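Presented below is the structure to which this report refers.
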There are 2 protein chains.
Amino acid sequence: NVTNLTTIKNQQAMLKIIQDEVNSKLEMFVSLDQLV
Amino acid sequence: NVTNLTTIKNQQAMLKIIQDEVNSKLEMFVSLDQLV
Ligand code: NA
């Protein structure tokens, strides 16, 4: 039972970092859409 | 054990936000593809 709570933590941190990574690429796709 | 649930609720909220943002971007991608 301890482990799941710990996993949820580590997974929380790793989810947060990856969810921050996607946006930077996205904005350029936004700029390309504006250009087109 | 209750904390694990609270952290899991935080997981669900965070993903939710991310789940949205990505859908909002994919819609504009679809619009671009149809236009091209
Ligand atoms: Na794209």
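Note that we place each Cβ from the backbone using ideal geometry, even for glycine, and neighbour counts take in every protein chain shown. Derivation of every value follows stated rules applied to the coordinates shown; laboratory data play no part.
Pairs of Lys residues in the protein assembly as shown are counted when their Cα atoms are under 24 angstrom apart and they lie 8 or more places apart or on different chains; the count is 9.
The label-point distance for A:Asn1 and A:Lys25, in a model that sets each label 7 Å from Cα toward Cβ, rounds to 4.1 nm.
Multiplying each eigenvalue of the alpha-carbon gyration tensor of the protein assembly as shown by 5 and taking the square root yields semi-axes of 35, 11, 7 Å, largest first, rounded to whole angstroms.
In nanometres and ascending order, the distances from the A:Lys16 label point to those of the other copies are 1.9 (point 7 Å from Cα along Cα→Cβ).
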